[PDB]
Structures are given as structure tokens and as C-alpha cells.
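Positions of Cβ are generated from backbone atoms using ideal geometry, with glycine treated the same way; all protein chains shown enter the neighbour counts. Bear in mind that the values in this text are calculations on the coordinates, not laboratory data.
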Amino acid sequence: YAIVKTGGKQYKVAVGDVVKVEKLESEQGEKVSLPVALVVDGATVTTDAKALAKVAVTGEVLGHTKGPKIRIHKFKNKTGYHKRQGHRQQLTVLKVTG
Amino acid sequence: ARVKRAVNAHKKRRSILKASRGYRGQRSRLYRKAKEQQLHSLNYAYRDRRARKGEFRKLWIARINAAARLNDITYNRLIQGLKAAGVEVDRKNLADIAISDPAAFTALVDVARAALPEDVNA
Amino acid sequence: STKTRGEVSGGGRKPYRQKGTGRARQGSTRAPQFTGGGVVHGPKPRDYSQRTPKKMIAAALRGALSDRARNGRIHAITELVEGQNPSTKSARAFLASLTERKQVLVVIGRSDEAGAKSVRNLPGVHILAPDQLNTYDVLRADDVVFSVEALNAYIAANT
Amino acid sequence: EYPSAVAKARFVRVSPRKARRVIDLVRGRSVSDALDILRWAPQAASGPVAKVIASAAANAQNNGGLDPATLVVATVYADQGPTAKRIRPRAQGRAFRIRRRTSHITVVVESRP
Amino acid sequence: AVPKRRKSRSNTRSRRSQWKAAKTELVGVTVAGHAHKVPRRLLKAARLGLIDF
Amino acid sequence: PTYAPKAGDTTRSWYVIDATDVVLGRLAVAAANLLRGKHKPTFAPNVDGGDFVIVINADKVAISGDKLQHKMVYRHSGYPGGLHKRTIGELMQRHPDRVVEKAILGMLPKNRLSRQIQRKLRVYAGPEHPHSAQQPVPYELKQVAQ
Amino acid sequence: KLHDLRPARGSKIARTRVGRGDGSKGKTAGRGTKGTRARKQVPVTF
RNA sequence: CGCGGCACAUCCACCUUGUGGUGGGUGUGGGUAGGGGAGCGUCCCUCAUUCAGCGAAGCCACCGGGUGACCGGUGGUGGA
RNA sequence: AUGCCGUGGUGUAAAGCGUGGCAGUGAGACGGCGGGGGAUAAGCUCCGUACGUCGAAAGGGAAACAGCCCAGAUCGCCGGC
RNA sequence: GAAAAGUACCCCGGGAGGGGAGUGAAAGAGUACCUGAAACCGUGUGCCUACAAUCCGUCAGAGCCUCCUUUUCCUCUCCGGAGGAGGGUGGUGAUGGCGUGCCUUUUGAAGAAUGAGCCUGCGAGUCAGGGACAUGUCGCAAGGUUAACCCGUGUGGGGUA
């Protein structure tokens, strides 16, 4: 297995491993190379750029699954203040093969 | 033109109650009582997502400490060493490794131990 | 129309005095917030009309007519009668054979033999004399029908 | 599975909670023993209920064709009926309200060998 | 003395539910003809025929 | 995420501390963290994890006499006054197990798990521990590094 | 025609409904004080 | 700081090279009374269009949708 | 010493001025530094400061805490310093 | 309900009331009658709860229960998802962290400062005037504009005081 750095974040992945990640420039079926921080083959533990810049994670994208819908407002107190809004982060699903 | 404003009231009224299900007593039955609780509930969620982030950091750190002390090293020196080595690895996945693969964790400890300079002098 | 305080019968009595009752500051039984009460800022019978310039009216009207003429929607006729008597049937056949539309505005003048009679009972058909030629009707109707006399007086009036 | 029979009485002049107090004694009990209980209920308000259960027996046995000896009170309701009200004078001109609450009693019976 | 506040639905139902009648009965009650059941207290009267349904 | 908080995935072994020369503070602290499970990478405050801790020779806990004759323990009743004031040394002569137990309870969190954990503790004043059917695991104290 | 007919941009600004909530203008929504102004428009002369 | 999504001013390049928009960059975006700008929904009228006793409106539940005021769809009751 | 008026260069999306339209405030509190009344007093009170904060500002820390310390939240993140 | 077609008859029952039949398109149209909301009462039922204190929630989050996809497998296999693993909607939510209710008015409030028992409906910044100042936009252009009144029919044309 390996730890991949993507979206400013680190995810634990494996060959054939579906994981929800941040939105990036992709379509429906494209191997996007992503850098890693640590590669673990079960005993060997890597550390340096000699390996980190040597291998990567090439996974395809099957769709763009949306995230959870957040309904929110801010309410302070006796002042009278209700700041209503929403948010739903657009994500995309990555099927790890490399 | 009398408009009979009920419909406009009923929209948000039922919209709130069906989301209010789960509260106790009148908090899940009455509009004007449910409305208030949702104000505080959502402020709580607003701050608690941020707290959730920090709390998960703390749990991950604590578990890292446990593994490190089992490997006869403290958190302070562990992280310092990882910085000197250049291991830009998060605490989340570091803890996951600390559980599912203690051996690789120990290997990272040996890396950090090697990376530490010598002592408390500079 | 509506009805408010002062028009509603009663309500001058002030029961439930202001201390020792445990009740509200009543003051009158026909006040808005009491049922059977008066209306606040209600629909008073406004008589209103947006008085406008003659120049604006005339320009709008001739503008719309010019649009119909540019679009080929003018049907200038000489008369409309089987000699004297009216015929809804005949006018229906003629107009349906000529215009092929629903909404029709007709201009004849003060001639009630069949001009202002055959056109009745025809859904979507309105008829008026030039001096009463508004724009709402014109903009609504597509295939506008004019009599020769209507054009003569109208054009002469507008030089 | 359980071809039940239903009987009920409306506009009964008996207070709901008092009826509840009575019918709590008969949930899941046999018809004949339940009626015996109601015959010897000191509450002196079980009468109407016993009448209703009797109507369950008559319908279950005659309309349905079942054996009364095997009937069990599947469920019983003490529904809140149309409440009326009548005014009562008290001291100092205080005009209080005394209510006349009624109920609707629904009984379901079924054979449970 | 007055109730300062409403009692919660929970506690009002607990007190309301702590209001019940007793259950007493007897089986095997032999009288003339059908063995009608009575309570033990009135059994002797039943044996003497001093009841009516 | 986490993989520890899973029903059945808790190992509760029996550790034994011959708490003689050890001081009260350090003793109670080691028992506290060890009992709660902070030595494990699977620590999960939401659950009653950790191993069981057995305290031996509680009568011998290294407490300075300067506090044996000054530090007091207070047990209020609920009645006017009713402050059952009693010397810690006297408590050591009578029920030292209560002394140690109390010290630990004040080092554990004010929660229900305090009680679920507390029931995992066995403190006996004497040297001999009746419960040897299980596996006693002598535990020693240290300063790890740094 | 009328289904095309529309007005010029900039005319017919929305009427400002006042006492219609906090998101629009406020609870007092204009007479935002507690002195005379909250009950009466003051003579400009005085 | 990082990784991503909206917004107002401004800078730059295009479509009418500010009608109003399109692409990129910097900085900005706690806020009561209160000012400004743009919006959500209900009823009625007109015009055009259009579903409907092969089941409208209102109501109940369910699944989804928008940045918001909110919406759409499905199923049931009911019957204009 | 500070502080203030005015001038000449430099730097900063920009603040400012005059001119019109529509409002609010017109009771302020505390803390820091200088002062009077009071007793060398007060969670006192009347002033000053291009001193702040609260008021109208959430969050961290001070055990809990409107006014002190740090820090001015557009939204999301199971990422770091 | 369009119409009284007003539940004949039979069975419980003192009666009321109910049930089975039956009319009616429909009885989810029975005089207490279109639709039948909410507060409220009540029955059944999945989950939690009798060693534990916090505006009565949120976020973490175990394990049960409902439903459901893939799958070893039940090969009885031209049937099915029985069961199980795993995965995933919607409940319950053990246990931990966090956290002093709205509004009004106040220098200052969760309040031991006030008002609200709950639900439903109603309820508060609008209108007349060729009023007045400023503004956006639309006619004309040293002009512009009519009022009253007249004629005419949908509110059009005249009418210069």
C-alpha cells in the first residue's frame, strides 16, 4: 500500500481502491498522476525523493459524485442576526490502480 | 384582495418540523419551540465541525504517543526527527500505520532516531 | 371599498379598567386586533387614472399601427353588408377567408347597418370608431381591419 | 391469520381516563373471564364496556360464525370523545367551566387457540 | 401555592399511570347450574344463592 | 478513522505493581494511565479499554511523615457540620487501600467511565494477592527518554 | 404584442416594504430610536 | 499557509474591447441601530401558451434539487 | 521628550474635500497612561489622550467570566506550521 | 349526495350506539354528515433506559433492529437471495468531548430583569392631492403642459383661461 498526497491532504490507498477526493481537472476515464509521501510494500519503508519522485499513483475517474448538502445559518443572540446560507463541496471519486 | 397567508406559513412550518424530528418533548412537536433549538443546534454544528477536526488530531496524536513510548521514544523527538529526515507524513495515516503495521512504524522511528542531531544543545 | 374604525358600530366603551383585571389594555372592542374589528390602512375606494400627454398617446398608437402595417396585418375594406341587412354568417366567412386569425380589431364608424352588427357574437372580435381608437385593442389584435371612411377621416385628422 | 370481529360504542357518557382505568384490566385476556372481571369491578363504571364486549361476542359468533369460548380481546381503545362544557358559578362572580367529556370505545376480538 | 411551571409530559404520564384498580377473581365456583365465577369474599353468598348474576 | 472501538477488541490483562518504595503520586499516575489504556495505540476514550491494575503493599506507599501528620481527609455527611475530618496517617493504619483508591479517583476523569474503570481496580493492603488464577504481570516504572 | 411588451430598464423600482422582517429592513425599520421620532414626525419648523 | 467552491470593487484581454457579459490575476468579504443594490414566495387581473374527472387545487408521507428566501418529482387521500 | 500647524521628496486601490438625498447616536462602562473631587478609598464620579477592546466581535487562554492578553471567522476539508 | 336514494331486514343492547347485509359512483358522503390540518388524548410496535445529575442539543461513536446491492455459499441452479461475510439508505442511539434558551429594553443579560401555557386564524409603515425638495427613466426641444367643461361607448378626441 501507499500514502498519496492529493488535494493538500494525505490518503491511504491500495491497488484497486475507491476513495473520495478533491475536485481536479479530469473527465470520465483518465489516469491522473499524484505524488506520494510514503510507499509501503509490507516491509520496505521509503523516505526520500529518490523514490517519492520515482513512483506515483495513476487512477482513473468514473464520475463526479457530489458531497453532502450543508444547510446552515449563523445566529448570534438578542442583537437579531440570522446569516442563512448553504454549501455542498464538489468532489470526485478516484479508483486507485497504481 | 385578502390572500389568506396560511399556505406561506405552512411551507416553512412543515419544512422545519420534518427536519426537527428526533428532539425530545415539545422541541420536536411545536414550531416555535423547534425553531429555537435549531438555531442553537446549527451554531453548535458550525463550531463543532472545527472542533471535530481538532479532536481527531488529538486522538491521532495520543495513539502516536502510545506507539512511540512502546518504542522507547517520545512524541517530541519523534516529530523532530521526522522533520529532520524530511518525512512529510501526516499524523492521521501515521497513526493508521501505528495500528495496522507497527513494524513500519518502528522503521520510521529508526529513521527519526538517526535524523536527530545529538542532544539539547545548539 | 372597505370599512374601519369610526364606521363600525359601537366600540366607544372602555371596559376592563387598567388595573386589577389581569387583562390587556383593551380600550375598544372594534380595534383591529380584536375580531369583528376594523381594518388598518385598508383599500379605500381609490378613483385613479394615469393622466398622460396627448403626444405620448398619439405616438404610441401610430407606432403600433405602423408595426402592423410593416408586418402586413392591415385589411382595408370598403363596406361589409349583403346590401342592407347584417349577416354574422357572411362576415364570418369573409373574415375567416381573409385574415385566418382569432383576435380581430374592426374600425367602421357610425354605420350600424352591418358594420357594427355582423361583427358581434364573434369571440375575439372588437369594433370601434376611429375617435375611440385606443392602443390596447390594437396591440392585442393582429389582423386589423379598417374601412375606407375610417381611413379618410383618420388620415385627414392626422394630416 | 386471526379473523377478528370488531364492535364499538360512540357518544358514551363516560370519561376517557376512567374508561382507560377499566380497560387496562382486560388486555390479552379471554372474553368470558374479562367479562367476569368487569362484572366484579368495584369501579361501577365497567357496565358499558361489558355491553360492548358482549356486542363483540354477538358479532363474532353470529356474523363471523366463530366460537365465543376461544375469543380473545386483541385490542381495546379509550378514544377521546366530543367534549361539551357547562358553566358553573363560583365566589366573587367567577365564571368557571365544568366539562362533560365523552369517549368512543373500540373493541377487537379474535380467535387464538 | 401554585404550579410555577408545567410538569413535563413524561412525569405527568408517570403520575397518571400510577392510578390503577386491583384484580381479584376465583375459578371453580360451583353454584346451581352454570358454574358462575365470583370473588372469594362473596363465595359463601354464592353457595347460599344470595347473588343475582 | 479508527479500528480500535470495536466490540470484543479489548485485551484486559492483569498487571501487578509491588507499590512499596514507590511514591503515591507516581504510583497513582502510572496506574491511572496504564489502567485507562494510554499505553496502547488502540486507546479509545469512548470505551472502557485498558488493562486491570493490582496494587500490592499499599500500606507501604512512600508518603512523607510531614504530610502523614498534616494532610487531612474530609468526608462530609450531608447533615449540619457533619464534616468527618480524619488524618491520612490514621487512614493508612486502618484502610490504606481507601487512601490509594481515593488518590486515583481524583486523577481519573469526572465521568461514568470513572466507575466502569474503578470496578477494574483491586487494591489490597497486604503483600499477598488472593487472585492468582489469572496471569499476574509485574509492571515497573521508568522515565522513557528525553 | 403584449406578450413581448415590457418596460424600460430603470423604472418601476420595487416598493420598499418596511415592517416585513429583519432580512429586508428591521423590526422598527426606519424609526430606529425611542424618542419622539418613534411615534411622530417632528415639525421641520420647530 | 495548504487544497477546492461562491461573491462584491479593481487591474488586464475579448463579445456592443463597462448595454451587459466572457477568460485570467491581486486585494477584499464579523457586524447591531442604519444607508445602498439585487432577490424568494402567496393571491388577483391582462396577453400568449398549456396539463387536467384517463383525476386539478388543498393536505399527508417519501426521494432528490438551489448559495438563499425555496423548488421539482414520485406515491396515497380527496374530487375541480 | 511627546503632541500640533505648514512646506519639499518618498511609500500606500483611496483615504480626503466640496456639493445633494435618506437615517442613527445625542445615558455610556471598564482596562492602560496623565489629572481634580474624595481619606493616599471604593466594581465611585466629572474630564483628557489619532490609546485599545467590549458596545456592534465569534474563537483560544485566564477554572467558569462582555471590557485584561493573543487573535478580527466568506464557505467546505478525517491537511500542515 | 345530482337526487333522500334517510342503512328495510337480521344480530348485541334497557335505550343510545354499534355490527352483518343493503342503497349509493363513493358511506374514506350517515343529521354528531365534502376535503378533515395542528396542538391534544390513545392503541400496537423497532430501539434505549432503574449508579446517575448540565436549556435537554450538536459532533464523535459502539452494538442491536428495518430495508437493500456485490459475494463465498445454500447447486435444491432454467427458481430465490435462505443464511453468513462484506458493503450501503433510513430509525434507536450505549459511552466520551463541547456548550449559560428566544425576544424586548439595556453601559452591561441565559437570568434570580420584563412578556409568551400550546396549536389554528386575524393583526401594525398604506392611500387622496396637476402638494414641495432631490433622483432613475421615458415623450418634446425655448419649449412643454392642460384643469374645469364639451362630444363620444371600451376612456379617445377637443378645449390656451
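Data for the structure
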{"read-out": "Over chain F: Rg over Rh, Cα atoms, Kirkwood Rh", "value": "1.01"}
{"read-out": "Given charges at beta-carbon only (K, R positive; D, E negative), |dipole| of chain C in Debye", "value": "2000"}
{"read-out": "5 angstrom amide H check on D:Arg29, placed H, neighbours 5+ away", "value": "D:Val73"}
{"read-out": "Translational diffusion of chain A, µm² s⁻¹ [Kirkwood Rh, Cα pairs; Stokes-Einstein; 25 °C; 0.890 mPa s]", "value": "157"}
{"read-out": "Contact order normalised by residue count of chain B, Cα under 8 Å, 6+ apart, percent", "value": "18"}
{"read-out": "Sequence of C:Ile74, F:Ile17, D:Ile87 once ranked by neighbouring C-beta atoms within 10 Å, starting from the fewest", "value": "D:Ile87, C:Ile74, F:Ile17"}
{"read-out": "Sequence-distant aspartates and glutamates (8 or more away, or on other chains) whose Cα lies within less than 16 Å of F:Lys85", "value": "none"}
{"read-out": "Rel. contact order, % - alpha carbon contacts under 8 angstrom, at least six apart, chain A", "value": "34"}
{"read-out": "Residues E:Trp19, F:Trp14, sorted so that the one with the fewest Cβ neighbours within 10 Å comes first", "value": "E:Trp19, F:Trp14"}
{"read-out": "Base-10 log of normalised Debye intensity for chain B (one unit scatterer per alpha-carbon) at q = 0.09, 0.10, 0.16, 0.23 Å⁻¹", "value": "-0.51, -0.56, -0.80, -1.22"}
{"read-out": "Residues with amide H under 5 Å from that of C:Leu80, placed H, sequence gap 5 or more", "value": "none"}
{"read-out": "For the stretch A:61-66, 3J(HN,Hα) per residue [Karplus equation, 6.51 cos²θ - 1.76 cosθ + 1.60, θ = phi - 60°, Hz, x = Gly/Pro]", "value": "10, 9, x, 10, 7, 6"}
{"read-out": "Contact order normalised by residue count of chain E, Cα under 8 Å, 6+ apart, percent", "value": "21"}
{"read-out": "Pairwise FRET efficiency - C:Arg13 versus D:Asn59, Cβ, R0 = 60 Å, nearest 0.05", "value": "0.50"}
{"read-out": "0 to 90° range, to nearest 10: angle between helix F:96-105 axis and chain F longest Cα axis", "value": "60"}
{"read-out": "Chain C: mean projected area of Cα convex hull, nm²", "value": "16.2"}
{"read-out": "Nearest 10 degrees, 0 to 90: helix C:88-98 Cα axis against chain C principal axis", "value": "70"}
{"read-out": "Relative intensity, log₁₀ I(q)/I(0), of chain D from a Debye sum that treats every alpha carbon as a point, q = 0.10, 0.11, 0.12, 0.15 Å⁻¹", "value": "-0.35, -0.41, -0.47, -0.65"}
{"read-out": "Sparsely packed trypsin sites (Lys or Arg not before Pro) within the stretch F:1-75, loop by DSSP, other Cβ within 10 Å at most 15", "value": "F:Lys6, F:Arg12, F:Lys71"}
{"read-out": "Dimensionless Rg over Rh [the protein assembly as shown; C-alpha; Kirkwood]", "value": "1.14"}
{"read-out": "Cross-link reach list, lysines versus E:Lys7, counting only Cα pairs under 18 Å and skipping chain neighbours closer than eight places", "value": "B:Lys33"}
{"read-out": "Between helix C:54-70 and chain C: long-axis angle, C-alpha atoms, 0 to 90°, nearest 10", "value": "50"}
{"read-out": "10 Å-binned pair-distance histogram of chain E (Cα, whole percent)", "value": "19, 28, 13, 14, 16, 9, 0"}
{"read-out": "20 Å Cα-Cα reach of F:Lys38 towards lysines, excluding residues that sit fewer than 8 places from it in its own chain", "value": "B:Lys58, B:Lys92, F:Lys6, F:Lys110, F:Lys120, F:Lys142"}
{"read-out": "Debye intensity ratio I(q)/I(0), log10, the stretch F:53-130, q values 0.13 Å⁻¹ (C-alpha model)", "value": "-0.48"}
{"read-out": "Cα-projected label distance for E:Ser8 with F:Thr2, points at 7 Å along beta-carbon direction, nm", "value": "2.8"}
{"read-out": "Amide hydrogen neighbours beyond the local backbone of C:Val104, cut-off 5 Å, H modeled", "value": "C:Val125, C:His126"}
{"read-out": "Spin-label proximity, D:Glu1 to the stretch D:43-71 - amide N less than 18 Å from point 7 Å beyond Cα toward beta carbon", "value": "D:71"}
